[PDB]
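Scroll down for the structure; my scribbles are underneath it.
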Amino acid sequence: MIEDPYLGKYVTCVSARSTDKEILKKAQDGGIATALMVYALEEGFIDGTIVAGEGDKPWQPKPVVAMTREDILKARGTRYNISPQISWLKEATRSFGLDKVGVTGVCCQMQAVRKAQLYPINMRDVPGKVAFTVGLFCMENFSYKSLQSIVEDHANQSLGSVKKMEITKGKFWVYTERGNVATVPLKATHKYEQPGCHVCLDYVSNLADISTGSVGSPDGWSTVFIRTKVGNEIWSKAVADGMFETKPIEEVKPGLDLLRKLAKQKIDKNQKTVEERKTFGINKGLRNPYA
Amino acid sequence: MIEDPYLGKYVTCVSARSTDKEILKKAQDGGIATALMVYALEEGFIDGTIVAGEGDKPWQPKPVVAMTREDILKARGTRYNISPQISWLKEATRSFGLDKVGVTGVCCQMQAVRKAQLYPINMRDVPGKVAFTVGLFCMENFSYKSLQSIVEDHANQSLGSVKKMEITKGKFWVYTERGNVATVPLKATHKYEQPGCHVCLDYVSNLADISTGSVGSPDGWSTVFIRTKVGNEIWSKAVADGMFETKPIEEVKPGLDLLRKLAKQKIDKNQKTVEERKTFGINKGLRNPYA
Amino acid sequence: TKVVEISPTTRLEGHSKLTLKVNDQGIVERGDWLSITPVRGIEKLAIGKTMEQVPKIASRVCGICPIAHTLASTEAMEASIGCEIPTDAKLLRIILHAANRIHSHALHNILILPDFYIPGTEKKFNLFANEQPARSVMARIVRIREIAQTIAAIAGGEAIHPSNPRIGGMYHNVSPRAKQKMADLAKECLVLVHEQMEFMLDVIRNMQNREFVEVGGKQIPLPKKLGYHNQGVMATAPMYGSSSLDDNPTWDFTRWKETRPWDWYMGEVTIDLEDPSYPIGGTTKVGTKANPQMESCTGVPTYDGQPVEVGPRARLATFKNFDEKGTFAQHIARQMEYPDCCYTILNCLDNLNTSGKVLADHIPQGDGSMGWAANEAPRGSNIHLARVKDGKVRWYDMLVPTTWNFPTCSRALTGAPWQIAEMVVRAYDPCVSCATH
Amino acid sequence: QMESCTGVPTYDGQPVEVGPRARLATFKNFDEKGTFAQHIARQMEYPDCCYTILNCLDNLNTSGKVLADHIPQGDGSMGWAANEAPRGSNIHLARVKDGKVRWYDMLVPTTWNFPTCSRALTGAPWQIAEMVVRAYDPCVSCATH
Amino acid sequence: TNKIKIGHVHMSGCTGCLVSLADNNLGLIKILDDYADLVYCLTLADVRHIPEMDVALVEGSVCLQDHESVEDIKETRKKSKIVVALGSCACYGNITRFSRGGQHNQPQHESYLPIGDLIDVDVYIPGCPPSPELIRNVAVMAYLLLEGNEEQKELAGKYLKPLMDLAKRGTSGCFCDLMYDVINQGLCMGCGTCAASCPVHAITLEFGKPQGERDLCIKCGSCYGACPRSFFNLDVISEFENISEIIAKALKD
Amino acid sequence: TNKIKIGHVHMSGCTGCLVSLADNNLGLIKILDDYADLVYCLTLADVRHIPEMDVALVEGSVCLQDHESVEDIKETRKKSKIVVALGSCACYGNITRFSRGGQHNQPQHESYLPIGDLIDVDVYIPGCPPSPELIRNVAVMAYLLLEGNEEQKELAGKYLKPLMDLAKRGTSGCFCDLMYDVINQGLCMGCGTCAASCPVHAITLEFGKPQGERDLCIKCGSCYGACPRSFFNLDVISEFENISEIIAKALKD
Ligand SMILES: Cc1cc2nc3c(=O)[nH]c(=O)nc-3n(C[C@H](O)[C@H](O)[C@H](O)COP(=O)(O)OP(=O)(O)OC[C@H]3O[C@@H](n4cnc5c(N)ncnc54)[C@H](O)[C@@H]3O)c2cc1C
Ligand SMILES: Cc1cc2nc3c(=O)[nH]c(=O)nc-3n(C[C@H](O)[C@H](O)[C@H](O)COP(=O)(O)OP(=O)(O)OC[C@H]3O[C@@H](n4cnc5c(N)ncnc54)[C@H](O)[C@@H]3O)c2cc1C
Ligand code: NFU
Ligand code: NFU
Ligand code: SF4
Ligand code: SF4
Ligand code: SF4
Ligand code: SF4
Ligand code: SF4
Ligand code: SF4
Ligand code: SF4
Ligand code: SF4
Ligand SMILES: [Fe+3]
Ligand SMILES: [Fe+3]
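Set out below in structure tokens:
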């Protein structure tokens, strides 16, 4: 068990991509989040999972309890605006009748699940029915109006034409279905970020069973942390079953060196913000949820 | 100006009854509250007044802005349950278009008006448009369910047959239209009293322009305090105009001696309650609005 | 005549006391069982609130039977506004209802067994104790209640204060997987409740063959007609209920009237008999004044001008002409209701369409018309009445089973040795928070 | 572009002027423009207010009904309403369903006038740019909402 | 004596508070003529930066994601002898409690707090809109507190005490005040004053007791303020005829 | 070590809190077998008067006009090492905030307060209904706090700290918590946990932000409790796998 001060607690870290070519056709990166949930369903580690499905406006996610391989695949690809994944957490155990709930989401959503497991506050039956969590890396998120403003104004693209969006190499990238590419400098996006992201002290989904993301791995690949006993059992079985190609992370460039550095910048910048809240006023401060 | 520690501030106290024989036919006592408001309207000291009109259940009062002599007379007689008189105080100056508002009510309602005049909190135009207040003596009040329970159970009377109710001589009295009388010992009524009456430190409507009540005067007569400059101008004119018979209170039995004693028992009993609130819990107390 | 008082009662829900006049032998001549639970006042605070909120507040009257108030309140709103809910919403409400009856009757087994004897012996059940046969009985009861709460949670959204019911039907239908899960659990439960039922009936039959029971180390004789009264019974359905929307409602509001305790309860008395040995803590001190008319916290609903008995025996007497009365007869009738709950769930699941609609397409807002709904709660007929206008509750009234049973059980106390007055009370499975609301 | 707090409503793809001059130009073909013309048009609106009140009072039935007998709860349909606020056309748009607002939008006069007044600044000495602004009678809390 | 110095500071407000002050008509002109100099008010005058003030009338709440706003409210505390939260937004957040971001052209402008959560507040004037008469009484009494004989300064301090207690009580206002701190405390006596003060008709009385339409309530704190069982300071209120004549004389020509 | 002594005290509650405790099934029997003696509970046992307790689980609020109730809650503080407000009525008033008297046969039973307004409360278990798992965790951890090695008592004290902070924070609970102390504070991040915890479906998310039907909300305080931006104690919550295994071992046969 490595206990990293910026990458959290984990057993191993590899670079990986799914061997399911259908999944990879529309996965954001390696298809880890989709492949892990499909496999968990077909093997019976879960009987349903919360995923960011398609919503009612283009590129606006809608949380949904998926119970088939087909419904899980609809959630492929990154939506860079808020998806309130945890709103279906209790309901998954009520009208859906699930015994083994999967949850996907970003770092704060992993935190929400773990708080619910230890301090269930009107969350009956949830502690014991959470079966598997896959956490995405997340530097920051946006309101939907923020995302519209970035894509339509700054990138000058129509949302109905966008095939993929990607934050990497210092730019917000927009790919269209007809084959065009537009970029926006990340400096331009800063005003649009969701303010509650600025106290977040968690980059690589420290509290998930398995965490997955893009940084540290070449395109089409994911950096994966296997963290908990649940996470290790499922990953071992999946690898043994042929579900994934892997490479130890230290044989991969830029790997864990860059990743640990981006995690450190996030925590340091946001810890400072948390500190300034304390003296925000005159002889008064703002609340610290971590106090 | 007498400054009595239990009867408040006043210029004189007389025993009085209206000379209007129509008013007296259904007045509770001397007809002072009705006669003063009718006279104020016909003389133009007020252009309307808040009175306890007839409501939707028998013997349940309903506050109303009266603007005619006939509407004022409908409010005659004591309703021993809550009438939220002050709920029409602001509206009287809006859709009713009044410049000179009269208010009738019991001691806490007089207090509400004076608070509104000095600390108007979303009460625009009310301070300067309150023109005349007549306050009733009040030892305690009841919810409507309390009043039903007292009259129907303890007195065994049908509410639809009751002509008058009266608390006097240690008993709650019920008079029926067909000529019967029933009484209830006041001891039996204590559980039913409105709890908020138990911190009330005001018996003879200390803060009204003119205060009026029954105690101290023979049946059909009222004990009246003339307190403010407004109150003295109207009363002087009304007496000069023939509207009232009077007797100095000290020539009247039982007069001010009994009245000052009942006021003292009320204040002492309720001041004790206010004091016990402070240590009501263990190392904690309840709020004191007077603190 | 002397006056003894037990305050508080125990092994029942909520806060009541027994104020008893007894003869020279200690036999009750006239006893009053009365609520001393504070009046939270749900009917008055309801006025002006939304028709969506009032049922969820009314649920919090009681955590054992919240299904009863959630459904009776919602269906009173639906009856006042003229809203007909979809079939699959009704099926889910019935599954919720039957499941909760299982959990409640099984909980009451825990409350009453400490008064009962391991058959053919002089040992009473102590269900806390980690010894047989109590522990295997506890294990069965505990699995029964767990199954029941689980089904309630799946069909009703929450086992305590169900969230799925709403004006017009339900928030959610259930998945194919949930429907299978409820069937699997009901199959398991059916075998268990048949066993628990036979066990309880054997224990009760043994009680009926006893001549005395032990209270505080003394032998207390067991009257043959323990708990008999002449008030008769009232019931609206063997399982679910009825509402003013029905073609032929099975409850008659022109036969009901509610008085204060005044008409039916004793006035002021003074306790002059005290037993400090009454388990565990004794009875009210000699010299205490009591006044049931004034201390009683409930209203007294009547039917044809008299108190009535409600609950399982009332239902079996009304709908099958069950013909035994009194304390042990009440206990018997309650256990006999176990299997109907599981067969009903399974039949409802068989008819449930998991793709079917669960919310009426149109929800009217009401014109002030009166509607009412009866739910046959585990303890008996729970009748909510309402006038809804423009989506707000203008008038609200609640006639709850234990409210009805309070004056009736009081009358059934005559003839009991005062030391087992509490056994007469417990056969009514009292819910004093319900009775008071 | 980034500090501006408002949206920019347009009509036929361009900013427009709203307010008293806009009303007099639309409905009487008032034909003066610019700062002092805006000021003139605003003062000219004073008497209509008092004649209108008096005419409305003359027609008002103080015993008459003031609430519709039936208030429907909505099916999600879009409706809109324009009020000619003192500073110009104030347009609110809404979809109500089951008594709840499902969609809401506000095009407020000073919102409309912000880009238009900006363009009217050309040619002014910068020290009286604020006089150009004040002829629009700006309400910046309105424009932003 | 000199005139005291008064500013109007405008945070995230609607200017209805300023309009309320102005709706004292010749009363305001009398105060500005004889008792106070308006040293700062962006709506009425060209002083661009916050100067020193004896009394700052601060309207609106503070948007935490607007840097200049945060600086303004801190600068105001630093520059002012007495800080008055003028109106329900400044006291209690009011309609900006419901702000949650997401609108053009600043979707990150999400979080608003009453000024008392960022600085110390001496005096509350609650109301939405606040009553012109209250703002006038507070301005007069603040003048007497600073420039009067010790008999006046004693009256002024006693008048303002309950508005200073409100500022120490907290920064939340709602229908539920009447439940929490009046009905639930055993103090409600059914007078119905709360129903008159509510600006949106969210309060009815049912059998003599408050009934609150919480989804109509805009959280202004008016009803607890006006209730005669929140604060009832007998030493002031029983002297109503006297204090009325005093205030009136201070405004007379 | 001995078993700790535990009572269930029933004020103006619905017994749904007790039912929640009982819905730990064989978990409760295991706790009663090995760690705790139930010394008082009117629903389950015949002890008529409040005895001494290590832990009092107190459900319901206090009716100020019911003398025996006021005496019970004071007697409970006097008799108990640790007082736990069990469930949202005891913590926050919940549906009894709306009580306003006027109903037969005690129309004067008008005023209800959470227990923390009458006595000092050590620990809150919020929820309506409270989660069986939470009541179990608190009972186990209270045992470890009193009878464990100092490594356990250190864990137990760290586990309970946020439930003790809630008891010190106040006695009010409402949808508006999420406005006042989360959204308005700049801490909301749109996870939607509040919407899952709400027992009456009063919370939706619109564009990622909480929307509260305040006239459906029953004022239970659940949503602020469950929100991961009310309290998030990293020292405990990041050790979730460990603390889970510890609790489970304490319940294992
Ligand atoms: C706001 C956001 C910020 C991110 N920032 C980074 C970063 O800085 N560095 C980095 O390496 N990776 C970041 N990621 C993760 C990365 O973009 C991919 O989502 C991740 O690598 C998983 O890709 P995949 O091929 O395994 O998943 P896929 O197979 O394509 O499946 C997509 C998964 O992502 C979930 N998901 C998609 N959108 C959301 C959403 N809005 N909210 C919650 N869950 C969602 C879906 O439920 C599904 O589980 C971010 C993701 C999000 C939503
Ligand atoms: C709860 C209550 C308690 C009282 N206790 C005493 C007492 O202890 N000792 C004593 O001497 N007098 C008491 N009174 C006053 C007395 O009963 C008469 O109301 C008083 O003498 C005025 O009578 P009248 O002939 O001048 O008025 P009338 O001409 O008969 O006119 C009646 C007036 O009383 C007002 N009024 C009637 N019912 C109410 C009500 N519920 N709430 C507010 N205003 C109402 C009406 O608006 C009207 O102004 C009490 C009155 C009330 C409402
Ligand atoms: N069963 C039941 Fe309740 Ni707790 C009762 N009595 C009611 O409807
Ligand atoms: N007039 C005006 Fe407002 Ni304060 C503007 N602009 C709007 O409708
Ligand atoms: S930066 Fe943190 S708070 Fe914001 S969406 Fe990502 S994981 Fe959540
Ligand atoms: S006793 Fe006091 S609080 Fe009660 S109704 Fe009379 S004047 Fe009002
Ligand atoms: S308190 Fe009301 S009038 Fe004053 S700034 Fe706020 S919204 Fe405007
Ligand atoms: S103003 Fe206060 S005392 Fe009067 S009815 Fe309203 S809450 Fe009760
Ligand atoms: S109920 Fe009315 S007066 Fe009271 S806080 Fe709400 S909007 Fe303001
Ligand atoms: S918190 Fe909810 S379940 Fe617990 S006593 Fe109160 S109403 Fe019942
Ligand atoms: S649980 Fe908290 S952080 Fe998450 S959406 Fe609700 S208020 Fe915002
Ligand atoms: S919104 Fe829901 S969870 Fe939050 S306090 Fe209200 S009823 Fe409880
Ligand atoms: Fe009832
Ligand atoms: Fe807009």
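Those protein sequences? They're chains A, B, C, D, E and F, same order as listed. Take 132 as the starting number for the first sequence in the working numbering and just add one per residue. Take 132 as the starting number for the second sequence in the working numbering and just add one per residue. Take 35 as the starting number for the third sequence in the working numbering and just add one per residue. Take 269 as the starting number for the fourth sequence in the working numbering and just add one per residue. Take 8 as the starting number for the fifth sequence in the working numbering and just add one per residue. Take 8 as the starting number for the sixth sequence in the working numbering and just add one per residue. Note that the Cβ used here is the ideal one computed from N, Cα and C, for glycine as well.
Coil, strand or helix - residue i by DSSP
i, result
"A/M241", "helix"
"D/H307", "helix"
"E/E117", "coil"
"C/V88", "helix"
"B/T264", "strand"
"C/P295", "helix"
"C/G75", "coil"
Element boundaries [alpha helix (DSSP H), containing residue i]
i, result
"B/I380", "Run containing B/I380: none; DSSP gives neither H nor E here."
"C/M172", "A168 to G190"
"residue 112 of chain B", "Because chain B is modelled from 132 through 422, residue 112 of chain B falls outside the range shown and cannot be assessed."
"A/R309", "No alpha helix (DSSP H) contains A/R309, which DSSP labels as neither H nor E."
"D/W371", "Run containing D/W371: none in the alpha helix (DSSP H); it sits in the beta strand (DSSP E), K368 to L375."
Chain F contact residues for residue i, given Cβ-Cβ distances below 7 Å
i, result
"C/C331", "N112 and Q113"
Chain-ordered neighbours of residue i on chain C, where CB pairs are closer than 9 Å
i, result
"F/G197", "Near F/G197 there are no residues of chain C at all, since even the closest Cβ is about 22 Å away, more than 9 Å."
Under 8 Å by beta carbon: chain E residues contacting residue i
i, result
"F/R104", "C183, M186, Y187 and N191"
"B/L220", "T200 and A203"
Partner residues on chain C for residue i, Cβ-Cβ distance less than 7 Å
i, result
"B/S280", "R294"
Interface residues of chain E facing residue i [CB-CB closer than 7 Å]
i, result
"D/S409", "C21 and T22"
Contact set between residue i and chain B, taken where Cβ atoms lie within less than 8 Å
i, result
"E/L194", "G327, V330, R418 and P420"
Residue i: first and last residue of the uninterrupted beta strand (DSSP E) it sits in
i, result
"F/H15", "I11 to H17"
"F/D44", "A43 to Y47"
"D/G344", "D343 to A353"
Chain B contact residues for residue i, given Cβ-Cβ distances below 7 Å
i, result
"E/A43", "Within chain B, no residue comes near E/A43; the closest Cβ sits about 20 Å away, beyond 7 Å."
Margin query: With three or more beta-carbon pairs closer than 8 Å as the criterion, would you say the segment 121-137 of chain F touches the segment 59-71 of chain F?
Written below: The segment 121-137 of chain F makes contact with the segment 59-71 of chain F; the number of CB pairs closer than 8 Å reaches 3 or more.
Next item on the list: Report yes or no: do the segment 289-309 of chain A and the segment 175-190 of chain A share at least 3 C-beta pairs separated by less than 8 Å?
Entry: Flag = yes, the segment 289-309 of chain A and the segment 175-190 of chain A touch.
Notebook entry, point to check: Are at least three pairs of beta-carbons, each pair with one atom in the segment 163-173 of chain B and one in the segment 376-391 of chain B, less than 8 Å apart?
Noted result: Not touching, per the Cβ criterion.
Notebook entry, point to check: Any residues whose CB sits closer than 5 Å to a heavy atom of ligand 4? List them in chain order?
Noted result: By the rule of a C-beta closer than 5 Å to any heavy atom of ligand 4, the residues picked out are D/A353, D/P354, D/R355, D/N358, D/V376, D/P377, D/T378, D/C407 and D/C410.
Check: Does the count of Cβ pairs from the segment 189-201 of chain F and the segment 210-220 of chain F closer than 8 Å reach three?
Finding: Cβ pair count under 8 Å is three or more, so yes.
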